[PDB]
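**Student:** Quick mapping for you: the protein sequence lines, in order, are chains A, B, C, D, E, F and G.
Position in the first sequence counted from 1, then plus 5, gives you our numbering.
Position in the second sequence counted from 1, then plus 2, gives you our numbering.
Position in the third sequence counted from 1, then plus 1370, gives you our numbering.
Position in the fourth sequence counted from 1, then plus 1396, gives you our numbering.
Position in the fifth sequence counted from 1, then plus 30, gives you our numbering.
Position in the sixth sequence counted from 1, then plus 4, gives you our numbering.
Position in the seventh sequence counted from 1, then plus 168, gives you our numbering.
Quick reminder that beta carbons are idealized off the backbone N, C-alpha and C, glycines included.
Provided herewith is a single structure, encoded as structure tokens, for subsequent inquiry.
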Amino acid sequence: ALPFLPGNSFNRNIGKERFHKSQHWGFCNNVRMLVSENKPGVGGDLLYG
Amino acid sequence: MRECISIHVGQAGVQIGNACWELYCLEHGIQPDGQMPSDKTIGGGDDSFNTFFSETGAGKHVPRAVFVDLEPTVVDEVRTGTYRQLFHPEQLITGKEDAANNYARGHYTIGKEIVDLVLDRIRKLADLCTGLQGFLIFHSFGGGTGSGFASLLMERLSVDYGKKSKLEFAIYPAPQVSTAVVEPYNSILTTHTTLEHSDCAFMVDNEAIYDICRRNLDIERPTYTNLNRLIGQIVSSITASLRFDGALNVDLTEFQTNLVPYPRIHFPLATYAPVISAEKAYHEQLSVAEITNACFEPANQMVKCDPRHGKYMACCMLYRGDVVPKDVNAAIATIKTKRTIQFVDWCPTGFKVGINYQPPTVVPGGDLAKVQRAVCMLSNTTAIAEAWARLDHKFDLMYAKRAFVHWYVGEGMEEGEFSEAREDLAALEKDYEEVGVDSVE
Amino acid sequence: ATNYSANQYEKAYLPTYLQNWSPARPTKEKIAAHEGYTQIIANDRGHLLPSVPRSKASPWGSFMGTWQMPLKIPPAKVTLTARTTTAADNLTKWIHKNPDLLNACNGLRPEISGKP
Amino acid sequence: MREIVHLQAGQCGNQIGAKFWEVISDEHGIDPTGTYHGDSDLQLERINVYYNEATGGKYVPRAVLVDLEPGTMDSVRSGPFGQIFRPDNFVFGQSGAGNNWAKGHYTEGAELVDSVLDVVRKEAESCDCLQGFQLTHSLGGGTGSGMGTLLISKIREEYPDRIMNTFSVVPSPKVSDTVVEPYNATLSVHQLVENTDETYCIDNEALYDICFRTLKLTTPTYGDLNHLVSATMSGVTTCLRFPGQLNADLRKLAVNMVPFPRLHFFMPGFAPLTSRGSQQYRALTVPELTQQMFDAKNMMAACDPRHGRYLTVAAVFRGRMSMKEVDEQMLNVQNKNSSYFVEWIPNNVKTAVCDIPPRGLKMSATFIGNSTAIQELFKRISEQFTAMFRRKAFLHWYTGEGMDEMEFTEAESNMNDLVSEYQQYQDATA
Amino acid sequence: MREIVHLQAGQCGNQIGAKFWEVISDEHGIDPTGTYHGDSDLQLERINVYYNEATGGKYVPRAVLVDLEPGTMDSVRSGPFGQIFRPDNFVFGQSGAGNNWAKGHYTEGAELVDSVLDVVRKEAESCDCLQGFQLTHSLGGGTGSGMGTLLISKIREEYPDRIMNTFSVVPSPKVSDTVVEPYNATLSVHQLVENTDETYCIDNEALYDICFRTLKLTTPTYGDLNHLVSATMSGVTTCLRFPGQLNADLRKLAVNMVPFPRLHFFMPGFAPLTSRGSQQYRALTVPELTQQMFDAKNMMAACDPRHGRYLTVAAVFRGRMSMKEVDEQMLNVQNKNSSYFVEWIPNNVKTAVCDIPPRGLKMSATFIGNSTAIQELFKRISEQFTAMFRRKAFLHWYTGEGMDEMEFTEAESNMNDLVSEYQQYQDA
Amino acid sequence: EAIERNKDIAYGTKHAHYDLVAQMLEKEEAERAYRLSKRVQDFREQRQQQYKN
Amino acid sequence: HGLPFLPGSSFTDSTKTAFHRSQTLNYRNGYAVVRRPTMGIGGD
Ligand SMILES: Nc1nc2c(ncn2[C@@H]2O[C@H](COP(=O)(O)OP(=O)(O)OP(=O)(O)O)[C@@H](O)[C@H]2O)c(=O)[nH]1
Ligand SMILES: Nc1nc2c(ncn2[C@@H]2O[C@H](COP(=O)(O)OP(=O)(O)O)[C@@H](O)[C@H]2O)c(=O)[nH]1
Ligand SMILES: Nc1nc2c(ncn2[C@@H]2O[C@H](COP(=O)(O)OP(=O)(O)O)[C@@H](O)[C@H]2O)c(=O)[nH]1
Ligand SMILES: [Mg+2]
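And the structure:
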């Protein structure tokens, strides 16, 4: 509940577990490519949109 | 932050640690389990315990002490006792076999085995620590561990920490009664090697406390526990200015500095007043004048030496309770205006006054009554040279026949160190005589 | 290896302010530049060339254990204020008796203040 | 109009610029989706300096995210403003450098250079009149300190006149997080000294210091550090985007700060870094602003200007003020401390104002200063590199990539040329 | 304009500064939060002499609280008027000096001399035309008497022309609470003579004398003592903050009090001290105000001026009076007690009037006076220092700090040559 | 001029309010950290009872 | 009951206990931290 400025930021990660990372990006058909648009974010959790 | 880390050595060290830490826990409010009898974690509250206790991540407090004893049972009683969960297990260090009243064994053979482990534990405790005021080290001159291993611990602590204060509470051998035959040998070989390695010294004999507890508290049958309560009260009054606020607070370095005039001599005598029973205090009004007059009585010192057989060179004084500076000054004037109390020529003002607000707490099952005011004293006087002379007399008449030296020589110490230590104390007594002499023409 | 200087922020790295409550490493406060580039001093796998000078002393540091230390350690704090001449001399002799304790890394360097 | 392409290299580059694009999205009123939700009309008047228009009323930052590893780009996408970047800008390969400057510069980045040049030239063509580019990287890594310089050297040949800024991160003396740090640092700064218009020296141990000193944060994470750096990057081009009573651009700041072409290293600072105890006891007024501006503790470098002579000083102000106080207070620092400013340059300070303050704040400024105290960084790297280069230590990794040993000689001789030439300008008679 | 930056050193300094910052907040009507709640306009007309402006209608003291031990701060910061100080101005280390003057002055005071000189510098340059700093400390301490000199010696070089006061505290002979009290005081007066514009020698034993016999307070806390001293430091700069029929300042007194630069030690005074029941039988008038002042019982020094010659005298009066009486009363004492006043200086007394009385009171006055009877203190301390120093006692503490031994000899010699020069002006 | 002084007082009030919000948020954050530590300790107590028995 | 603040005009309690001094000023890492002073002398 603070205006966004240096200092006015608090890490929400306190209390969160399972900091798994997804496999966005990758080379298929010998092509640099964002593989799959439907992968979750950090924690196996959905993105925005 | 304020800080004193405890290095209790020996059976006396462990029992004194028991009494002192029970008193500290009851005084601050800590349970024998370690957590406060509440939750009290919505914010950071009173942290005055931080000079003795250490916070943990679980909301528990761990004492800043390291119990060391070279035999198992004295520490196993602690491990099974009521406070068995107050102490972190790695802090209390024990050994399979003890020195068995042998400074040589406690200094060369068995003492050097557990030097590294205790030093590493001390290193971790000091690592935990921000503003370290001092190391409080309590032991006895008689027993093998409390003499030899404590001496070697001091000697290596000098290497590990160049400037930190290493305060020394000592159980000095009683002049007549004793619990050992070979105790003068440990007594002479201890002070000789700690003379250049110790900062101050608070030696007390158990005999004088026996007389005090009989005469005043009406306990016809005392015990080491009843004595350890008084010793814990003394240490409490020493560190009260660190723990709580006062009209005039005083750290450790202040009364180290205003007590020792010359580098070799560092041997104050302590005093507590008043120590009276509840019946005795029912009828007796207590004030600053009464308590500071009782502080100077020869029948109240916990060392068997009458300071009227000498001259004071310094007096640190520690008031505690509902005391008032105006009455303190009146009492100082009325003790200065007496010839029965002498002072050396060079010291016109030989007083160092500290004041604390909080009256001393009472532990259940004790002997003292609950009193609104009290006073502690550390007097550096020259009337202790007679004690060293008696000690040298006993050591001499033992040492003429080379009695008990077969025990000591084998373990790794030569017999020439005996003569060297005796000669060092011979020089020390003459130093005391030069100090006590007055330059009046 | 070398502990350099944070200049303005050196008090944040002062040895006592980092909870290390023992005497500590020296802190080099000054630096000097060298013109040109640098010659090779060592062979492959870090073997010093025959032509270069090579310093003495053990390549294993200098650490002394419990049984390696002398049996009579003199203190660091030496204050020769009121001592006699011969007492001053003998305490200085005790201090300088074992140079190995002085050269050891975990050994002590005493401070000697005053004159008899 | 006047456009900037924000380059990006390495984990430091991606993590710093991930925060940077957020703080300028908030300044321009852009949601994480990418649409315009601001209220003031000036919030979208000069948006084309950075943003590129998309169909449906959306905006794409003109960034090129480069790193040899696909690792951090997953975290970049998983951030709060993760999908604001168009995916085709993400350029990456298989195997990183592993803090090896050689692999990034020669054997692995030389495959990745051609693709990045394609995206960069595509963005370069789209804008009409591009001012310049802007690269963020660290000198203690393998990619940003490695191939990140090879992007610099190639692009300068293609576009000579355009300005190139570099918000580099230099290693710190007291605590390091890479053991081959002086090998990459002493050989990357040689690339900067030949091909760079300006570099800002940002050191982390200074950044760790400021959070505790001026803000009193118990746990300052790398996000708070990265936001602290990104406030500087906004502060140099705020006058570029928003109108002011007395304006300036990157080139206007460029001309007045380099007296000679060898000198393009500065130490920045941010003014209203105010602590959560001190807001209660404070009066937001411009002498208090320049008071905290020139205090050496507020620098974000590992050098103390009190040890050297200030060549030229920049003060880029944000907010609506009265300029008499701006001119007076600058003059007071100019004359009260005479010995810290060079004598052959009268009026060593350049001032500029930007009418619109940072969002949620009333008064601010940023400081850019060219000092001779920065030479204390180069000699320190030189000795730490030389002592490691005496015994041929950690060298089999680099010469096994095919590099000869001789570039280390010229990279340290050029570097020690700079410290000697810097020194002569300090001890110069008017 | 005319600003004063109030220094601070040690537990003595922190407890006097806490009370002193309490009382001026009442004259200027400043509440514990920091805001202003006074009702008279002139209560806020020259507040910027001591306070500095902050947003929200808030004012912060211009203080620099310094101590080697943080423990004194925590007691200060938990008082009623403890949260009014800005936190950045606190300067504090990790370990103290333990009543050792050398540890304060040379070894440990060095590490805290950088930060304190910064805190004053930021505050020195905040104010446009700074009148002068001001320090309170004790000579019987380790930090106040210790590094507390090292600030003074340093800032004289930086700001020579500005005026340095010191309400320093001198040890008392009859009751002493430090054994090494002679060595600190001997090595501090030697600092005081060379680097000080003006000094006020206040002794706590005389404060005990005043409370016991005049106010007759049964339980005089150290808060009562500091109130006695805090009221003095208000009365010296009250003319600075409020207008009068004849105005004055710090420099006006210091110029008109120091005939030769070596003499800057003055005995303060404060007139309206009455017991609880004495105000029933009293009469609030100017002759009674001058009567209660010149009595030696009212002085908070440890020397009776009846044994020496009053060199010069300052009297600053508080309250709207008629100065027909103040000139006639000042002449009456000058002409009656002619032997105790010096002869080569006529009209020895300086007077000034500040119209605004202290809050809750109708009339008041304060007094600053230079006598030759003070040397009864330096002479008295010297033998206590000398008798210690023949035997080289308590010296290993000092010699272990690295200082040589000739510092004791010269500081003795400056101390003895001062009283020798001071003695000559008595017999002139 | 009165408008100008009202402007300054408004900016000061906004500044102070943002401070108060920041302090309250830190205190809540410290509470959450303590709660997480206590949950870890209770998990440890359960597994410790298992390990002893 | 609101007598003016004059020299030697103050009364103190005779029954308050605890007198616990709390650690507001403190050190953390290599820095100095000044905690906001709640919980006055003795807990109240
Ligand atoms: N005042 C007091 N003295 C004690 C206490 N316990 C032991 N002593 C004294 O300590 C001396 C002998 O040393 P101890 O502590 O008993 O044993 P130690 O120090 O462990 O030495 P060793 O038995 O050889 O291992 C005896 O003369 C006792 O008078 C105690 O609890 N209080
Ligand atoms: N200021 C800042 N520096 C960072 C951050 N992340 C990494 N670094 C610095 O980057 C260096 C390591 O960078 P590295 O990952 O090897 O860069 P790369 O090799 O180009 O990918 C370290 O010295 C860090 O100090 C960050 O978020 N902020
Ligand atoms: N007048 C006065 N003197 C005080 C006060 N508090 C302490 N003192 C004196 O200060 C002397 C000790 O000062 P000390 O605490 O050692 O000073 P520091 O070492 O600089 O902190 C004692 O002689 C006290 O009489 C006070 O509130 N008022
Ligand atoms: Mg035993």
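According to the Cβ coordinates, are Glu-256 (chain B) and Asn-129 (chain E) closer than 8 angstroms?
**Tutor:** Here residue 256 (chain B) refers to the residue found at position 254 of the second sequence. Here residue 129 (chain E) refers to the residue found at position 99 of the fifth sequence. Their beta carbons are under 8 angstroms apart, which means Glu-256 (chain B) touches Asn-129 (chain E) by this criterion.
**Student:** What is the residue span of the alpha helix (DSSP H) that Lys-1648 (chain D) lies within?
**Tutor:** On the fourth sequence, position 252 is the one that residue 1648 (chain D) refers to. Note, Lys-1648 (chain D): alpha helix (DSSP H), 1646-1653.
**Student:** Against residue 216 (chain G), what residues of chain E qualify as contacts under a CB-to-CB distance less than 9 angstroms, listed in chain order?
**Tutor:** Since the first residue of chain G shown is 169 and the last is 212, residue 216 (chain G) is not available in this structure.
**Student:** With a threshold of 7 angstroms, establish whether the CB of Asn-188 (chain B) neighbours any heavy atom of ligand 3.
**Tutor:** Within the second sequence, the letter at position 186 stands for residue 188 (chain B). Incorrect: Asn-188 (chain B) has no Cβ contact closer than 7 angstroms to ligand 3.
**Student:** Measure the Cβ-Cβ separation of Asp-71 (chain B) and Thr-147 (chain B) and say whether it is below 8 angstroms.
**Tutor:** In the second sequence, the residue the question calls residue 71 (chain B) occupies position 69. In the second sequence, the residue the question calls residue 147 (chain B) occupies position 145. Cβ atoms of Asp-71 (chain B) and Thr-147 (chain B): closer than 8 angstroms.
**Student:** If distances are taken between C-alpha atoms only, which option among D:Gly-1704, D:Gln-1411, D:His-1533 comes closest to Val-1566 (chain D)?
**Tutor:** Within the fourth sequence, residue 1566 (chain D) is the residue found at index 170, counting from 1. Minimum Cα distance to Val-1566 (chain D) is reached at D:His-1533.
**Student:** With DSSP as the reference, please indicate the residues paired to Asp-1463 (chain D) in a beta bridge.
**Tutor:** For the purposes of this step, residue 1463 (chain D) is identified with residue 67 of the fourth sequence, where counting begins at 1. Answer by DSSP bridge pairing, in chain order: D:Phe-1488.
**Student:** Go through the region 1565-1640 of chain D residue by residue and report every complete run of the alpha helix (DSSP H) that reaches 4 residues or more, in order.
**Tutor:** 1577-1590, 1600-1606, 1618-1637
**Student:** Can you pull the chain F neighbours of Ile-44 (chain B), defined as C-beta to C-beta under 8 angstroms?
**Tutor:** For the purposes of this step, residue 44 (chain B) is identified with residue 42 of the second sequence, where counting begins at 1. In chain order: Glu-35.
**Student:** With DSSP as the reference, please indicate the residues paired to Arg-37 (chain A) in a beta bridge.
**Tutor:** For the purposes of this step, residue 37 (chain A) is taken as residue 32 along the first sequence, with counting starting at 1. Note: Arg-37 (chain A) sits in a beta bridge opposite A:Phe-32.
**Student:** Kindly list, in the order they appear in chain D, the residues whose Cβ is closer than 7 angstroms to that of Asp-118 (chain E).
**Tutor:** Numbered from 1 along the fifth sequence, position 88 holds the residue referred to as residue 118 (chain E). Residues of chain D passing the Cβ test: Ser-1674.
**Student:** Give me the chain F residues within the contact set of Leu-1680 (chain D), using Cβ-Cβ distance strictly less than 8 angstroms, ordered along the chain.
**Tutor:** Taking the fourth sequence and counting its residues from 1, one reaches residue 1680 (chain D) at position 284. Ordered by position in chain F, the residues that pass the 8 angstroms Cβ test against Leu-1680 (chain D) are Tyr-15, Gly-16, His-19.
**Student:** Quick one: is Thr-259 (chain B) buried, meaning 16 or more other Cβ sit within 10 Å of its Cβ, or exposed?
**Tutor:** Here the question's residue 259 (chain B) lines up with position 257 in the second sequence. Buried.
**Student:** Going by CA-CA distance only, name the one from B:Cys-378, B:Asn-382, B:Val-16 that's closest to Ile-236 (chain B).
**Tutor:** On the second sequence, position 234 is the one that residue 236 (chain B) refers to. Closest option to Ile-236 (chain B), Cα to Cα, is B:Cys-378.
**Student:** My understanding is that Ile-343 (chain B) touches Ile-337 (chain B), with C-beta atoms under 8 angstroms, so please give their C-beta distance in whole angstroms.
**Tutor:** Reading the second sequence from its first residue, position 341 is the one you call residue 343 (chain B). Reading the second sequence from its first residue, position 335 is the one you call residue 337 (chain B). Confirmed, Cβ separation roughly 6 angstroms.
**Student:** Span of the alpha helix (DSSP H) holding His-141 (chain B)?
**Tutor:** Counting from one through the second sequence, the residue named residue 141 (chain B) turns up at place 139. First-last for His-141 (chain B): 136-142, but that is the beta strand (DSSP E), not the alpha helix (DSSP H).
**Student:** Using a beta-carbon distance below 8 angstroms, is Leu-1613 (chain D) in contact with chain A?
**Tutor:** The count along the fourth sequence starts at 1 and reaches residue 1613 (chain D) at position 217. For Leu-1613 (chain D), the answer is yes, since a Cβ of chain A falls inside 8 angstroms of its Cβ.
**Student:** Spell out whether any CB of chain A is found under 8 angstroms from the CB atom of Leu-40 (chain F).
**Tutor:** Translated into positions along the sixth sequence, residue 40 (chain F) becomes position 36. True, the Cβ-Cβ gap to chain A drops below 8 angstroms.
**Student:** Can you give me the C-alpha to C-alpha distance between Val-1509 (chain D) and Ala-1459 (chain D), rounded to a whole angstrom?
**Tutor:** Sequence index remark: in the fourth sequence, residue 1509 (chain D) carries index 113 (1-based). Sequence index remark: in the fourth sequence, residue 1459 (chain D) carries index 63 (1-based). Approximately 16 angstroms, taken between the alpha carbons.
**Student:** Cα separation between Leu-407 (chain E) and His-220 (chain E)?
**Tutor:** By 1-based counting over the fifth sequence, the position of residue 407 (chain E) is 377. By 1-based counting over the fifth sequence, the position of residue 220 (chain E) is 190. Spanning the two alpha carbons is a distance of roughly 14 angstroms.
**Student:** Let me know the secondary structure DSSP gives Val-1509 (chain D) once reduced to three states.
**Tutor:** Counting from one through the fourth sequence, the residue named residue 1509 (chain D) turns up at place 113. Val-1509 (chain D): helix per DSSP, three-state reduction.
**Student:** May I ask you to check if the CB of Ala-101 (chain B) is nearer than 7 angstroms to at least one heavy atom of ligand 1?
**Tutor:** As a working note, residue 101 (chain B) is residue 99 in the second sequence. For ligand 1, at least one heavy atom lies less than 7 angstroms from the Cβ of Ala-101 (chain B).
**Student:** Looking at the C-beta of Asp-46 (chain F), does it have a partner C-beta in chain D at a distance below 8 angstroms?
**Tutor:** Taking the first residue of the sixth sequence as 1, we reach residue 46 (chain F) at position 42. Output row for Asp-46 (chain F): interface = no.
**Student:** Relative to ligand 3, is the shortest distance from any of its heavy atoms to the C-beta of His-167 (chain E) smaller than 7 angstroms?
**Tutor:** Start at 1 with the first residue of the fifth sequence, and residue 167 (chain E) comes out as number 137. Because some heavy atom of ligand 3 lies under 7 angstroms away, the Cβ of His-167 (chain E) counts as near it: yes.
**Student:** Using 7 angstroms as the cut-off, classify the Cβ of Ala-1452 (chain C) as near or not near the heavy atoms of ligand 2, replying yes or no.
**Tutor:** For the purposes of this step, residue 1452 (chain C) is taken as the residue at position 82 of the third sequence. It does not: the Cβ of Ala-1452 (chain C) is nowhere closer than 7 angstroms to a heavy atom of ligand 2.
**Student:** List the residues of chain C whose Cβ lies closer than 7 angstroms to the Cβ of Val-1419 (chain D), in chain order.
**Tutor:** The residue given as residue 1419 (chain D) occupies position 23 in the fourth sequence. Correct list: empty, because the minimum Cβ distance to chain C is about 26 angstroms.
**Student:** What's the gap between the Cα of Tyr-22 (chain F) and the Cα of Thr-1582 (chain D)?
**Tutor:** Along the sixth sequence, read from residue 1 onward, the residue named residue 22 (chain F) stands at position 18. Along the fourth sequence, read from residue 1 onward, the residue named residue 1582 (chain D) stands at position 186. Straight-line Cα distance between these residues: approximately 44 angstroms.
**Student:** Quick check: the Cα distance between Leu-425 (chain E) and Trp-131 (chain E), rounded to an integer number of angstroms?
**Tutor:** Stepping through the fifth sequence from its first residue, residue 425 (chain E) is reached at position 395. Stepping through the fifth sequence from its first residue, residue 131 (chain E) is reached at position 101. If you take the alpha carbons of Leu-425 (chain E) and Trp-131 (chain E), they lie about 12 angstroms apart.
**Student:** Please identify, using Cβ separations under 7 angstroms, the residues of the region 126-139 of chain E that lie next to chain B, in order along the chain.
**Tutor:** For the region 126-139 of chain E, the beta-carbon criterion of a distance under 7 angstroms to any beta-carbon of chain B is satisfied by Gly-126, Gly-128, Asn-129, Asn-130.
**Student:** Tell me, which residues are paired with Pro-65 (chain B) by DSSP?
**Tutor:** Residue 65 (chain B) sits at position 63 when you count from the first residue of the second sequence. Paired residue(s): B:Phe-55.
**Student:** Quick one: is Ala-1382 (chain C) near chain G, going by C-beta distance under 8 angstroms?
**Tutor:** Start at 1 with the first residue of the third sequence, and residue 1382 (chain C) comes out as number 12. By this cut-off, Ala-1382 (chain C) is an interface position.
**Student:** Go ahead and label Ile-232 (chain E) buried or exposed: buried means 16 or more other beta carbons lie within 10 angstroms of its beta carbon, across all protein chains shown.
**Tutor:** Translated into the one-based positions of the fifth sequence, residue 232 (chain E) becomes position 202. Burial call: buried.
**Student:** Quick check: the Cα distance between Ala-395 (chain E) and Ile-278 (chain B), rounded to an integer number of angstroms?
**Tutor:** For this step, residue 395 (chain E) is matched to residue 365 along the fifth sequence. For this step, residue 278 (chain B) is matched to residue 276 along the second sequence. Whole-angstrom Cα-Cα distance: 51 angstroms.
**Student:** Leaving out the 5 sequence neighbours to the left and right, which residues in its chain are closer than 7 angstroms to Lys-18 (chain F) when beta-carbon positions are compared?
**Tutor:** Sequence index remark: in the sixth sequence, residue 18 (chain F) carries index 14 (1-based). So the list is empty, once near-sequence residues are dropped.
**Student:** Name the two residues that bound the continuous alpha helix (DSSP H) containing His-21 (chain F).
**Tutor:** Residue 21 (chain F) sits at position 17 when you count from the first residue of the sixth sequence. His-21 (chain F) -> alpha helix (DSSP H) spans 6-56.
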